[PDB]
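Engineer: For reference, the structure I am asking about is given below.
Because the Cβ atoms are built from the backbone with ideal geometry, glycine has one as well, and the counts that use them run over all protein chains shown. Here, each number is a calculation from the coordinates, and none is a lab measurement.
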Amino acid sequence: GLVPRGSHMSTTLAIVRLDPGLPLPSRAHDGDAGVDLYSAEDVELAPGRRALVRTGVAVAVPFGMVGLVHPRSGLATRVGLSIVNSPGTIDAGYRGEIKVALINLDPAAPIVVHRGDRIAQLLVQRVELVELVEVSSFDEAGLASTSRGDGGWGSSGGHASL
Amino acid sequence: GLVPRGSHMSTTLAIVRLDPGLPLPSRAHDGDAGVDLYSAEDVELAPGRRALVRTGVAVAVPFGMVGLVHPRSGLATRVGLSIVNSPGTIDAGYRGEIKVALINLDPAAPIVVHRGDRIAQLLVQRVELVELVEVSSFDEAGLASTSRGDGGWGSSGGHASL
Amino acid sequence: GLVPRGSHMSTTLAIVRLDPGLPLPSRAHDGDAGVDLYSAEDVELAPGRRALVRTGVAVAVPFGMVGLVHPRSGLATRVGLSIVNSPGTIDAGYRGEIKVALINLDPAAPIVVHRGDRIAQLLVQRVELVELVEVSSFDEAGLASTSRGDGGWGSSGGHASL
Ligand SMILES: O=c1ccn([C@H]2C[C@H](O)[C@@H](COP(=O)(O)NP(=O)(O)OP(=O)(O)O)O2)c(=O)[nH]1
Ligand SMILES: O=c1ccn([C@H]2C[C@H](O)[C@@H](COP(=O)(O)NP(=O)(O)OP(=O)(O)O)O2)c(=O)[nH]1
Ligand SMILES: O=c1ccn([C@H]2C[C@H](O)[C@@H](COP(=O)(O)NP(=O)(O)OP(=O)(O)O)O2)c(=O)[nH]1
Ligand SMILES: [Mg+2]
Ligand SMILES: [Mg+2]
Ligand SMILES: [Mg+2]
C-alpha cells in the first residue's frame with residue numbers, strides 16, 4: 001500500500017465495473033502503456049464487418065487528460081482485427097460505458113470474440129486544452145518561417161510513389 | 001477574459017481560417033480532448049474509397065508539441081468512416097492546410113460528407129523530441145532486464161488466436 | 001555537442017540497429033513529432049492484404065513513456081497504405097524489434113515496399129501509469145455531474161447520419 005517515492009505523482013482513475021463478472025483492466029507487464037479492456041460480449045465479425053462492443057467499464061478520465069483506446073498488436077497481425085475510430089478518444093467528461101468499434105480487416109476469415117477476451121487497450125495521457133487564437137496569417141502572429149513550411153503528405157519522400 | 005487560476009498554464013494555438021465560412025473548431029463539451037474539424041467540401045465516398053479532404057484551417061502547433069487528427073466515434077460506428085493515416089500527425093513546423101484522409105470502411109453504403117459537417121477532431125499534446133543514443137546492445141547501455149523482454153504481438157494471450 | 005538551454009530537458013532513447021545497413025530513424029524537419037522508421041525488407045501487398053514488417057531497430061522507451069507507431073500521411077493518401085493496429089503501442093519494457101503491421105486499404109493497386117523505404121513514424125510521449133480506483137458509482141466517488149454525461153458515439157451531431 002506504500003506509494004514508492006518514484007510513483008508519488010501517479011494518477012488515479014475512477015472505474016465502475018458495469019459488468020462485475022469481468023476482471024479489472026490491467027497492464028500485462030510493468031511499465032506497459034495501457035490496461036487491457038475486456039469484451040463483455042460474444043460477437044462474430046465476418047470479413048469487412050464492424051461491431052460496437054461493450055467493455056463492461058466506465059471511467060472518469062481526469063480533467064486535463066484523455067483516455068485513448070488502441071488496438072492490440074497480436075490480434076491485428078494474426079486475424080486482422082482493428083478499431084474503426086482508432087485511437088478512440090475518451091473525453092474527461094464521459095461517464096458512459098467504454099465501447100470499442102471493432103472491425104475485421106481480413107478479406108476471408110471471420111473473427112470470433114468471446115466474452116472475457118482482451119480486445120483493446122486503454123491509455124491515459126495529458127492533453128492540451130487549446131485556446132485558439134485566430135490570426136489573419138502566421139506572419140501577423142509574428143511567427144518565424146519554418147523548415148517544413150506547407151510541406152506535408154509525403155513531401156519528404158522515402159517511397160517511389162511520393 | 002479572465003484566465004482562471006486553474007487554466008493559467010493552458011496553451012494557445014494560432015489558427016488561420018483559410019475558409020472563413022466555417023466556424024472555428026470547438027470542443028463539444030468542457031474537458032473534451034479535441035476540437036472538431038469541419039469539412040470545407042462536399043465529397044461522396046463509395047465503399048472502400050478514400051479522399052483527401054480540406055478542413056479550411058491551418059494551425060501552428062507549438063514546438064515541443066504535436067497535433068493529432070482522430071476520427072469521430074459516431075461516424076465510425078454508424079457509417080464506417082475512418083481515417084487512413086489515423087492518428088494524423090501534425091508537426092509543429094507545419095503551416096499548410098490541415099487535410100483529412102477519409103476512407104469508407106463500409107462494404108456497401110456510400111458516405112456523403114457535406115461542407116460544414118464535423119468529420120474529425122484535433123488534439124494537441126506534448127511530444128518528446130527524442131535524442132537517439134545508438135548502443136550495441138541494451139546490456140551495454142547497462143539497462144536492466146525487463147518483465148516484457150522481447151514479448152510482443154499477442155505474447156500476453158487473451159484470445160484463442162494468440 | 002552543446003545541449004541548448006532550450007533542450008536541456010530532452011529525452012534520450014537508446015536504440016539498437018538490428019539491421020546496421022539502414023540509417024538511424026530521423027525527423028524530416030526540426031520540430032517534427034516523430035522519427036521515420038525504415039523497412040528492413042521488400043514486401044508486396046495486394047489489395048486488402050497485411051504484412052508484419054521488420055524495421056531493423058529495437059528501442060528502450062523510458063519507463064513512464066510510450067512509443068507510438070503512426071502511419072505516414074503521403075503513403076496513406078497516395079496508395080492507401082495503413083497500419084492495422086495504428087497507433088502501434090510500444091511499451092517501455094519492450095526490448096524486441098519494432099515491427100509494423102502494414103495493410104493495403106486500396107481496392108485495386110498493390111503496394112510495393114522496398115528495403116530502405118520510410119514506412120511509418122515513431123513518436124515518444126509521456127503516459128500516465130494509471131492506478132485504478134474501483135467505485136460503485138461516480139456519485140460515491142463524489143464526482144460532479146458533467147456536461148457530456150454518458151453522451152458519446154455522435155451525440156453532439158455534425159452529420160446527417162447522427
Ligand atoms: O492527417 C494529417 C497528417 C499530416 N498532415 C500534414 C501536416 C504534417 O506535418 C504533414 C506530414 O505528415 P506525416 O509526416 O505524418 N506524413 P509524411 O511523412 O508522408 O509527409 P512528410 O514527408 O511531409 O513528412 O502533413 C495533415 O494535414 N493531416
Ligand atoms: O506497432 C507495434 C505495436 C507493438 N509492437 C510490440 C511492442 C509492444 O510493447 C508489444 C505489445 O504491443 P500490444 O500490447 O499493443 N499488443 P498485444 O497486447 O497483442 O501484445 P502483448 O500481449 O505482448 O501485450 O508489441 C511492435 O513491435 N509494433
Ligand atoms: O472508442 C471510443 C471513443 C469514444 N467513446 C465515447 C467516449 C467519448 O467521450 C465519446 C465521444 O467520442 P468522440 O468525440 O471521439 N466521437 P463523436 O464526436 O462522434 O461523439 P460526440 O458527438 O458525443 O462527441 O464517445 C467510446 O466509448 N469509445
Ligand atoms: Mg499488450
Ligand atoms: Mg466528439
Ligand atoms: Mg513525415
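Engineer: Specify the residue with the greatest mean-square fluctuation among B:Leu102, B:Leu143, B:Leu129, computed from a Gaussian network of chain B linking alpha-carbon atoms under 10 Å apart.
Structural biologist: Taking springs between Cα atoms under 10 Å, the residue moving most is B:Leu143.
Engineer: Taking K and R as +1 and D and E as -1, what net charge do the other residues with C-beta under 10 Å from the C-beta of B:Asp106 add up to?
Structural biologist: Working: positive: A:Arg49, A:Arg50, B:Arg78; negative: none.
Net charge in that neighbourhood comes out at +3.
Engineer: What average number of partner chain Cβ atoms lie no more than 10 Å from the Cβ of the residues making up C:115-128? Show your work: numbers first, answer last.
Structural biologist: Working: counts 0, 2, 6, 6, 2, 0, 2, 1, 9, 4, 9, 6, 10, 15.
Per-residue shielding by partner chains comes out at 5.
Engineer: Still on this structure, I have one more. Just to be sure I understand the curve: with the Debye formula and one point per C-alpha of chain C, what is log10 I(q)/I(0) at q = 0.15, 0.17 Å⁻¹?
Structural biologist: Each listed q maps to, in turn, -0.93, -1.04.
Engineer: As a test of the definition: which semi-axes, in Å, follow for the protein assembly as shown when you take the square root of five times each eigenvalue of its alpha carbon gyration tensor? Largest first, please.
Structural biologist: Working: eigenvalues 155, 155, 139 Å².
So the three semi-axes of the protein assembly as shown are 28, 28, 26 Å.
Engineer: Count, for each residue of C:141-149, the Cβ atoms from other chains sitting within 10 Å of its Cβ, then give me the mean as a whole number. Write down the numbers at each step before the final one.
Structural biologist: Numbers: counts 5, 1, 3, 1, 2, 10, 8, 12, 5.
Partner Cβ neighbours, averaged per residue: 5.
Engineer: A further question follows. Using a 10 Å cut-off on Cβ atoms, rank the peptides B:50-58, A:16-24, C:69-77 from the highest mean neighbour count down.
Structural biologist: On the way: B:50-58: 20.6, A:16-24: 14.8, C:69-77: 24.6.
My ranking of the peptides, most packed first, is C:69-77, B:50-58, A:16-24.
Engineer: Hey, another quick one. From the label point of C:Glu131, set 7 Å along Cα to the beta carbon, how far off in nm is each other copy's matching point, shortest first?
Structural biologist: Spacings between copies for this position, smallest first, are 3.3, 3.3 nm.
Engineer: Continuing with this model, one more query. Counting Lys and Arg as +1 and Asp and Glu as -1, what is the net charge of the other residues whose Cβ lies under 13 Å from the Cβ of A:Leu162?
Structural biologist: Working: positive: C:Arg72, C:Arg78, C:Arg118; negative: C:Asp36, C:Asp117.
Taking every Cβ under 13 Å from that of A:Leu162, the sum is +1.
Engineer: If you place +1 on the Cβ of every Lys and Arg and -1 on the Cβ of every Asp and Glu, how big does the dipole about the Cα centre of chain C come out, in debye to the nearest 20? Walk me through the numbers before you get to the answer.
Structural biologist: Numbers: 14 positive and 17 negative charges, 124 e Å.
The dipole of chain C has a size of about 600 debye.
Engineer: May I pose another question? Between C:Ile83 and residues 5 or more places away or on another chain, which pairs have amide H atoms under 5 Å apart, with H built 1.01 Å from N, and which residues are they?
Structural biologist: Sorted by chain and number, the residues that satisfy this are C:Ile103.
Engineer: Could you give the dipole magnitude of region B:22-67 about its Cα centre, charging the beta-carbon of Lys and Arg +1 and that of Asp and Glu -1, in debye to the nearest 20?
Structural biologist: Using only the charged Cβ atoms, the result is roughly 200 debye.
Engineer: Pick out, from C:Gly157, B:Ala14, B:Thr146, the residue whose Cα sits farthest towards the positive end of the charge dipole of the protein assembly as shown, with +1 on the Cβ of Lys and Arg and -1 on the Cβ of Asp and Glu.
Structural biologist: Of C:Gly157, B:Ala14, B:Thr146, it is C:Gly157.
Engineer: Would you be so kind as to identify which of B:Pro47, B:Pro23, B:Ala76 lies farthest towards the positive end of the dipole of region B:10-94, taking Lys and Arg as +1 and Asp and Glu as -1 on Cβ and the Cα centre as origin?
Structural biologist: B:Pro47
Engineer: Using a 10 Å cut-off on Cβ to Cβ distances, tally the other chain neighbours for every residue of C:35-44 and report the average as a whole number. Let's see the in-between values first.
Structural biologist: Numbers: counts 3, 2, 0, 1, 2, 0, 0, 0, 0, 0.
Going residue by residue through C:35-44 and averaging, the value is 1.
Engineer: Could you give the nm distance between label points at C:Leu24 and B:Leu162, where each point is 7 Å from its Cα heading toward the beta carbon?
Structural biologist: The modelled label-to-label distance comes out at 3.3 nm.
Engineer: Quick one: Cα centre-to-centre distance for region C:107-150 and region A:103-162, in angstrom?
Structural biologist: The distance from the Cα centre of region C:107-150 to that of region A:103-162 comes to 12 Å.
Engineer: Let me ask something else. With θ set to phi - 60°, apply the Karplus curve 6.51 cos²θ - 1.76 cosθ + 1.60 along region C:153-161 and write out the HN-Hα couplings as whole Hz, x wherever there is a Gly or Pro.
Structural biologist: Calculated HN-Hα couplings, in order: 6, x, 4, 8, x, x, 6, 4, 7 Hz.
Engineer: Can you list residues whose amide H is under 5 Å from B:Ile90's amide H, if they're 5+ apart or on another chain and H is modeled 1.01 Å from N?
Structural biologist: Here B:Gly67, B:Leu68, B:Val69 satisfy the definition.
Engineer: A further question follows. Taking the Cα centroid of region C:80-102 and of region A:6-58, what is the distance between the two, rounded to the nearest whole Å?
Structural biologist: Value for the Cα centre distance between the two parts: 20 Å.
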